[PDB]
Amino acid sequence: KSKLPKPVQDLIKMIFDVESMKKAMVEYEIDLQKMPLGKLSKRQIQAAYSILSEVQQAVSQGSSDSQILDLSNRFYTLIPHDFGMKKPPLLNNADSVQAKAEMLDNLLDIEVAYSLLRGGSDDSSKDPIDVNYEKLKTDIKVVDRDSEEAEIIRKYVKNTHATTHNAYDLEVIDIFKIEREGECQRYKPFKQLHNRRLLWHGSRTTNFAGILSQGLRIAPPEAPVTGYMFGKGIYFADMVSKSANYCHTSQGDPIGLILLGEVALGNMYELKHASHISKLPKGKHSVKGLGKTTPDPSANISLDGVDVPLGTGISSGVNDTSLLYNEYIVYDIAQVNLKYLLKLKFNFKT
């Protein structure tokens, strides 16, 4: 039997749940009979991203819907979708490209999680929770509820739930302190950079075995850059609810996971509208998407020499922006040092 704390054991059970991986694929309208979990490969995902990039070019160059039908069918050939003896919807627009790139980004994390379960050793004398914990190459510790670090984290959650995300409220169940093997060493060129901030990143529970083993990653070269608002980077928010929306929890599955990462932002390239960039302008280290609302800067605090923007939301004074809240993007995986993982209960009012 495992000696791991019960909250860590429950976390491991959650992120390696095979039935949850299947459900995520069903949600993504994938045909499980034609493409089951075991059949998912990096090669097929990579080939589907390329078709998506082909669709991105045909949509921008104003190709006919007749010409687009063949690229759309090509996509469904690589990634079977659930329809039956039916005709699938046309991938003939930017919204379609964006939704399919988002789906493939999720399939990459699910493939990692499933490859970790199949690629190891089999020993019935060891607790399978202990076996799976070791596959993550991450030290996971429970943060004491009464500590100052837990108080700062709970205040950050409490103060940054946006009014426009009023459909649910959040309850912090567990706070974990996480240390991914070799991540601190990788972060070393950025450890003293200015503007280091503790920011949120939400994701589906089915992505966390991939996030903990491989860290936060950028979409591959084959992925269509126009499929992402600020291009292929790693996205963060300073508002908990903006990130919690990415958990995709529901009344039937209300437990979600969200990260707190130290992000070395440096000189930020400030943007108000979409810019599908391939690289940053010289001297810039990140992108800050300017929101209409920002946490109150007078309420900024320090937790281990890093800024924590835990103030309640106030007007940023920024006009004519496509964003309600800020977002931060980095384009080098080394600019992120994952610090905490929170298990949250969503209480829906709807």
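By rigid core we mean the largest C-alpha set that fits within 1.5 Å across both forms. The numbering used is simple: start at 1 and walk along the sequence shown.
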(request) Give, as the answer, the stretch of 191 to 199 and 272 to 280 that departs more from the shown form in 5 other deposited structures of this protein; the measure is RMS Cα distance after a core fit. (result) 272 to 280
(request) On a core superposition, give the stretch, 57 to 65 or 300 to 308, with the larger average C-alpha separation from this form in 5 other deposited structures of this protein (RMS over structures and residues). (result) 57 to 65
(request) Going by the average Cα B-factor in the PDB entry, point out whether 215 to 223 or 102 to 110 comes out higher. (result) 215 to 223
(request) Mind pulling up the entry and telling me whether 161 to 169 or 137 to 145 has the higher mean Cα temperature factor? (result) 137 to 145
(message) Out of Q44, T312, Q56, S286, whose C-alpha atom has the biggest B factor in the entry?
(response) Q56
(message) According to the Cα B-factor stored in this entry, which of the following is highest: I301, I51, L324, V26?
(response) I301
(message) Is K343 in the lowest, middle or highest third of its chain when residues are ranked by C-alpha B-factor?
(response) lowest
(request) Using the B-factor values recorded in the entry, state whether the Cα atom of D122 falls in the lowest, middle or highest third among the modelled residues of its chain. (result) highest
(message) Using the temperature factors of the C-alpha atoms in this entry, rank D82 within its chain: lowest, middle or highest third.
(response) highest
(message) Quick check on the deposited entry: does the C-alpha B-factor of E151 sit in the lowest, middle or highest third of its chain?
(response) highest
(request) Ordered by C-alpha B-factor within the chain, which third holds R196? Give me lowest, middle or highest, please. (result) lowest
